[PDB]
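The primary structure of each chain is shown beneath.
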Amino acid sequence: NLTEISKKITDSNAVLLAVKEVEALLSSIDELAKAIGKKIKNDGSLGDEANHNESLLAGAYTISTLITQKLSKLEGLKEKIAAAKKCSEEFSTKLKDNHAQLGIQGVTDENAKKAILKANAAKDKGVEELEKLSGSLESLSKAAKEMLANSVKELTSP
Amino acid sequence: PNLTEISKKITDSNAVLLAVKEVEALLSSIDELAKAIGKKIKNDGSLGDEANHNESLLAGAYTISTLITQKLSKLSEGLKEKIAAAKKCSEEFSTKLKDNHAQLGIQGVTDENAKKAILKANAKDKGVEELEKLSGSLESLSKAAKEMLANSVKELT
Amino acid sequence: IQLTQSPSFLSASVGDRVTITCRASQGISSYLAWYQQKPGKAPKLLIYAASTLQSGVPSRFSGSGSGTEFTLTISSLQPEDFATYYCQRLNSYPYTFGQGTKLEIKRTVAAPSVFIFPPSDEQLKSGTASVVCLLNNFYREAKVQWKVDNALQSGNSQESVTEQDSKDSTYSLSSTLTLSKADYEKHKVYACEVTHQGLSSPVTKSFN
Amino acid sequence: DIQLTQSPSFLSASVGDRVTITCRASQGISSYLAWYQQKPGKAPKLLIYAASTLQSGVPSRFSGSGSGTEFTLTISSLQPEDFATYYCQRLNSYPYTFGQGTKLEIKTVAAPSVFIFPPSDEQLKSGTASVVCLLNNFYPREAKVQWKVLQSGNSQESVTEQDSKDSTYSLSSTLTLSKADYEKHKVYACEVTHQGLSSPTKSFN
Amino acid sequence: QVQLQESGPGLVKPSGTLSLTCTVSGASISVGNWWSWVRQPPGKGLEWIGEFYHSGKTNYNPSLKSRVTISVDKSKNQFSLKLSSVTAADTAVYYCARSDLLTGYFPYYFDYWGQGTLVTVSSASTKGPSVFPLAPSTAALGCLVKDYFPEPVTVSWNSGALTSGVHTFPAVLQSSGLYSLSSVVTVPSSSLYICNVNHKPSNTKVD
Amino acid sequence: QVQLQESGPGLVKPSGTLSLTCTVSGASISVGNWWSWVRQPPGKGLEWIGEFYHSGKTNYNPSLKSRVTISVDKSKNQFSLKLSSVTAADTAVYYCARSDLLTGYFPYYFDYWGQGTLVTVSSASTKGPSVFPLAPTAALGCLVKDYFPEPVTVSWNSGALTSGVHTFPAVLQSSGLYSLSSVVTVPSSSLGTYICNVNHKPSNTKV
């Protein structure tokens, strides 16, 4: 019955595609994490310019709201999607709820790392909500990975 | 139709289109960093003005650029021509930024040097023309990667 | 495999709502497209995936369907939609088109102006004799039977209708009966009988 | 099915040798094939999937390769802890047919440690006497054991699996007699035959 | 802007090979998209001939497989259609067309067409017509344009001073392979008109 | 931290229904992955029985499709297997397993197994073993004799004495009952103890 299944594979991939776009947006916050207190050098490495991180986290925030806006535009995965959409709302929330240390002239490095740097030894100002958001997008990626693998398996199962 | 062999055309096409959508999302994230140029996080959630402190924001954009290049390096018959065209575009984006360190790599990178690097509609290039071009290669690599997947699905007839 | 478009023809005034149906002999999911075609022009894609407008086709068009039943609707018909319309199945090749549906812009019933013409003298010398029967500006359905000395002709005449007039939405029809010069002069009277909804009885015009 | 034909059923090899196991599918299954190593009395461990991808943890010395139809598993060099039965699996469709297996024995000759056990008296009081002839740390055998007092038809043997560090076997042979026949006969012997012994017998009274 | 242009001879003799070329500008057939031929006999509906992809994959309409081939000139950004052993059924307007995924992922939909070229299959040679008076008995008078080929013919009344009530009917194909035309007009009986018949690959006129 | 454990009657009478349950720690059968039962008769190879996904979809080996049922207890994070009208050909070590896509996208590969439970089919009745000494490098042994169904554990010093031990396969006697031997090599200076432990899960025992 290749008629039905043709659609089913498109639909499932469409979701997996949408999910990876959000998993990649989030990974860009991990690259932003490598940029706290850094400028560009001629050789292409990163050199230190300490404790000016206001617009770095501003863009980190900007991305974290794109993530929510992307999740919203998403069968069967309702629970794992809404659980992820709630996670990204509490990442934006915790960032915006910390302006007094993330929203000033000369945002320091220390409180910058506390917001977008995973495994930061000192999670206080948003990282925990980001780590929890990374795990939440894994369970959803795997769910939509398996969801599409199931529609391909329908091809061959007698 | 060779039903087991038609899959693993779909699977492999899927995998590439995924990894291709990955680098688009990283591209699209740079546009989010272009909205942050000379901005700060406010209480109500909006972006309030804080000009001329932009060094770290462009270092963030720069690392995304070398992740884009690395991703395209880990990436295919009809795409080998389009993969290398995209990868090459992403290295001239990473090279126009470092070649401009004195403007984009100093304490107090001004709002207007940043809008010539990652902002697409500026009046241009510190990096933007290589960005707009990189975004061009990817959009045609994605078209190719999409057509590869549609051709595999099509083989089921 | 098979695609059937429900109305082959349809008369409809400007403003009316139109419904056109397409029926697939097997499930083709949402993999269907609709086209408008104006005379002498290539099919223009109005709707694909059976509900998606192409960029720029107006809101008045809309399609709905899945699983072998598809419908295209035009609300608030305009003059600019006199066209044949085709569905298209795009799940597998061949990409079968619907048989088409012509969209006439209707007018109230009209009665023909009926004339007959004799074969010329420049025709008789050339061995052929064509007798022409004329119908003007009727409402297209019509029956035209050729009688030569009240003998039912069948297989020597051909017809031709003009396209829908663009200013009074009417048709005109020719019927040329073709005999031999040896067979034309064999008879005296050559009549042409027109049956028509806008005629209380058949109308005939004859010559000698 | 779309059956699977694992080519070598049994296999002997030495530590450091190269070994190749083959898998023929009657139809193309793309690369949807997996290889499992199964040590005795344990669930199958997974080594390779997608017919070349090495599962984490598994040593690089293992490797696989295959087309739509023919597949091979290669272990480069060898070690005494690779004694196992190895299996194909085909995962493109169900019933996910497993191969028929490949027993892999490791091969330096070793001499047995021969013992003998007289029937305990806690067993003699239940009416049965079982004498046990023991063969510790001997390979490669294939012993023929004959019980003498000769007679055949009252014993049962059992060989352990191959050892995973020194590649050696072990054997027991259990002549099962009655209480009446135990005290009746003075002599009871278990003949053996091997390679790592210069001459042959272990009896009691 | 994506554009498609069909070129080739408009007239083929039965049992001969039809040839057509599609010239694509605004899009490279080497880079992507499915490119196809579609056909529409005059008055009937549309029928899909075949398609190719730059990967090399080619599909043909089963009802035509034996006699269709599609070739591609990657260096000229063009593709061709070859139709062997054509009969009068193959007379049609022929279109080349592009297929795009559009806003989705599967399948491809036909979004760009060429203007189309008419190919007719016949054995008849160029003949000017014989135009003959339709003697008038509101009163109707007409002209009878008979035995002309190929089809395109223009007919006027009094060099254009008579356009009201003029019905120039479509061309009718006779069993002789020649076309036939009838042009008429209605006039008041008090007036009791020269028609002009120009047949482009011929010449004539009559009163 | 995925773990799988099988449990159920290791003895089933001919023509009865065979029941086993798998208990999953470290994962959730409700959240995803495919879960399956596999069976291996002793000395033989591996046979797949059936699989399920939390979505409801359930698939079975067509050679067993008449006599198999698989159920899910989402509340208990457990799934069962129900084999009816069983024969001695169904005497096998039964495994529950988890399927996972691993590094790729399709298909699923079996990456986690249980420890396996042995179910012997027979009309014979459970019987506890006897344990006779094997009196005194030196090798002391124990004779585990005349016990029904075969899964029996034997150790020395519980688990502390593990070097030099060799537990030999249970032998089926013509009397329908199994026997086993276990031995270990010790130095001749410890003489003047070794209490081997004989555990027979179906019938409680010790030494």
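- Structure determination for this entry, per the PDB record, employed X-ray crystallography and reached 2.80 Å resolution.

- Identification of chain C as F946 Fab Light Chain from Homo sapiens is taken from the PDB entry.

- Looking at the PDB entry, chain A carries the name Outer surface protein C, with the source organism given as Borreliella burgdorferi.
- Regarding chain A, the UniProt comment filed under Subunit (literature references left out) reads as follows: "Homodimer (Probable). Interacts with tick I.ricinus salivary protein Iric-1, Iric-2 and Iric-3. Binds human (host) plasminogen (By similarity)."
- As recorded by UniProt, the Sequence similarities comment attached to chain A reads in full: "Belongs to the OspC lipoprotein family."

## What to know about the overall build of chain C
Phase 1 of the analysis: A count of helical and extended segments in chain C gives two helices and 18 strands.
Phase 2 of the analysis: In terms of C-alpha radius of gyration, chain C reaches 23 Å, well past the compact-globule figure of 17 Å for 208 residues.
Phase 3 of the analysis: Seen through its C-alpha atoms, chain C measures out along the principal axes to roughly 65 × 35 × 30 Å.
Phase 4 of the analysis: About 9700 Å² of surface is accessible on chain C, with carbon and sulfur atoms providing 46% of the total.
Phase 5 of the analysis: The positive charge centre, built from 19 side chains, and the negative charge centre, built from 16, are 4 Å apart in chain C.

## Remarks on the state of the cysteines
Phase 1 of the analysis: In the structure shown here, the tally under the stated rule is eight disulfides over all chains.
Phase 2 of the analysis: A sulfur-sulfur distance of 2.0 Å marks the disulfide that ties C23 of chain D to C88 of chain D. On the criterion of sequence distance, the pair formed by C23 of chain D in strand β3 (residues 19–25) and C88 of chain D in strand β9 (residues 84–90) is long-range, its members being 65 residues apart. Comparing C23 of chain D with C88 of chain D, the two get one shared label, buried.
Phase 3 of the analysis: Through a disulfide, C143 of chain E is tied to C195 of chain E; the S-S separation comes to 2.0 Å. Sign of the S-S torsion, about -100° for the bond between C143 of chain E and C195 of chain E, identifies this disulfide as left-handed.
Phase 4 of the analysis: With a relative accessible area of 1%, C195 of chain E lands in the buried category.
Phase 5 of the analysis: Along chain C, the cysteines that take part in disulfide bonds pair up as 1-2, 3-4, counted in sequence order.

## What to know about the interface of chain B and chain A
Phase 1 of the analysis: Taken together, the contacts link 47 residues of chain B with 47 residues of chain A.
Phase 2 of the analysis: Taking both partners together, chain B and chain A bury about 4200 Å²; carbon and sulfur atoms supply 71% of that area.
Phase 3 of the analysis: Per-residue buried area on chain B facing chain A is highest for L18, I41 and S56 of chain B; these three make up 16% of the total on that side.
Phase 4 of the analysis: Where chain B packs against chain A, one counts one salt bridge.
Phase 5 of the analysis: The partner of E22 of chain B in a salt bridge is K20 of chain A, and the shortest N-O contact between them spans 4.0 Å.
Phase 6 of the analysis: Linking chain B with chain A are nine residue pairs in polar contact.
Phase 7 of the analysis: At the level of elements, α1 (3–6), α2 (10–35), β1 (39–41), α3 (55–73) and α4 (80–98) of chain B are the ones that each hand at least two residues to the side of chain B that touches chain A.

## Things to note about the packing of α2 of chain B against α3 of chain B
Residues and elements named next belong to chain B.
Phase 1 of the analysis: Between α2 and α3, whose axes approach to 10 Å, the crossing angle comes to 170°. The angle between α2 and α3 falls in the class roughly antiparallel. Facing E22, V23, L26, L27, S29, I30 and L33 of α2, the residues of α3 in contact are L57, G60, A61, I64, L67, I68, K71 and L72.
Phase 2 of the analysis: In the contact of α2 with α3, the residues fall into 11 nonpolar, two polar and two charged.

## Concerning the arrangement of the chains
Phase 1 of the analysis: Considering every one of the 11 pairs of chains in contact, the largest contact total is recorded for chains A and B.
Phase 2 of the analysis: Looking at chain C next to chain D, you find no contact at all, with the nearest C-alpha pair sitting 24 Å apart.
Phase 3 of the analysis: One finds no contact between chain C and chain F; the C-alpha atoms of the two approach each other to within 22 Å at their closest.

## Digging into the sheet that holds strand β12 (residues 128–138) of chain C
All names here are of chain C.
Phase 1 of the analysis: Strand order in this open sheet of four strands is β11-β12-β16-β15, and the pairing throughout is antiparallel. Two strands lie at the open edges of the sheet, namely β11 (113–117) and β15 (157–161), each paired on one side alone. The mean angle between the axes of side-by-side strands here comes to 15°, regardless of whether they run parallel or antiparallel.

Scoring rules and cut-offs
- Residues numbered from 1 in each chain as written, not as in the entry; some residues may be left out.
- Chains lettered and ligands numbered in written order.
- Heavy atoms only, no water.
- UniProt positions renumbered as here; feature names shortened; annotations may be inferred.
- Helix = DSSP H or I, 4+ residues; strand = E, 2+ residues; numbered from the N terminus.
- Rg over C-alpha atoms; globule rule 2.2 N^0.38 Å.
- Areas by Shrake-Rupley, 256 points an atom, 1.4 Å probe, with all protein chains shown as cover.
- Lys, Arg positive; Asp, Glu negative; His and termini not counted.
- Charge placed at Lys NZ, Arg CZ, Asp CG, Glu CD.
- Disulfide = S-S within 2.5 Å.
- Buried < 20%, exposed > 50% of the residue type's maximum accessible area, 1.4 Å probe, protein only.
- Contact = heavy atoms within 4.5 Å.
- Buried area = accessible area lost by both parts, 1.4 Å probe.
- Salt bridge = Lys/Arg side-chain N within 4 Å of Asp/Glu carboxyl O.
- Polar contact = N/O pair within 3.5 Å; in protein donor to acceptor, adjacent residues only side chain to side chain.
- Axes fitted to C-alpha atoms, helices over the stretch in contact; angles between N-to-C directions.
- Parallel < 35°, antiparallel > 145°, perpendicular 65-115°, else oblique.
- Nonpolar A, V, L, I, M, F, W, Y, C, P; charged D, E, K, R; others polar.
- Pairing = 2+ DSSP bridges.

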